[PDB]
């Protein structure tokens, strides 16, 4: 089998991307944030505290003839941005772009943190990291990809995120028309449950390439590119007036600037992020200070190749027995 679904930025900044997902019978379509950095499929639901729902589409398991309570199972998750959510668990039929998994764990939110409530366009998350990170207790549950894997033509999914434009998530096949050149594959460590890999270095703008190993994760659920403070300082040093602001919480730069590109290494290959992809616009409406798309990972404990990096590439998440990651220019 295969599946293919369009993913769409939630806003003009590409803060996140939502993909329609069919849950239950008859289908209830929710727009989920596909997150290669987590491993829970959780949704706003008829069980979510009413005060914490602000415009999201909810999953109502009582209206699905295929929903079954996963008796005794609960879930609870905290994310990098202090956001959290928790609740109980159903199994139901879940379809993405024509690819169907029966008996998928659908985690129904009883509570969500305010970051999710404020995101009226995101109805939930669909985790695509390794199932070892799934928070369901006492019986850990498999991701949608893990459940679909054996049925897929190839045990892969691909992320082709657009820049200020829709993109595509495919399951089970590689669209060889979706990228230029070749896909360079690189080793993945699953030891932390992530699509964790090592970039071979970086360049800023037209500068030469600095060979240096950068261990990080491919995370479609993170907006920005988080890299070591040394690398981030070398980037922003090329932008007149750019500086790190503790009050804002990262590097800002004059909105009048044109930003240099940023290249990252995948083996001997190179992915070039255009400078415009690094511009996240005014820190507040009308401000002439703009927020940078490359930020320091120093306080996080891991480097994160978020959407800023991933949307510059066609990315293969190869879930073969030995997982690998593939990157191609596009």
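Between two forms, the rigid core is defined as the largest C-alpha subset superposing within 1.5 Å. Residue numbers count along the first chain shown, from 1.
The stretch that moves more in 9 other deposited structures of this protein, judged by CA deviation after a rigid core superposition and choosing between 280-288 and 30-38, is 280-288.
The mean C-alpha temperature factor is higher for 68-76 when 222-230 and 68-76 are set side by side. Two stretches are in play, 53-61 and 288-296, and the higher mean C-alpha B-factor belongs to 53-61. Of the candidates 82, 260, 127, 172, it is 82 whose Cα B-factor is highest according to the PDB record. Residue 302: CA B factor lies in the highest third for its chain, per the PDB record.
The deposited CA B-factor of residue 112 belongs to the highest third of values across its chain. Per the deposited record, the Cα B-factor of residue 155 falls in the lowest third when ranked against the other modelled residues of its chain. In the deposited entry, the Cα temperature factor of residue 105 places it in the lowest third of its chain's modelled residues.
For residue 194, the recorded CA temperature factor ranks within the middle third of the chain's modelled residues.
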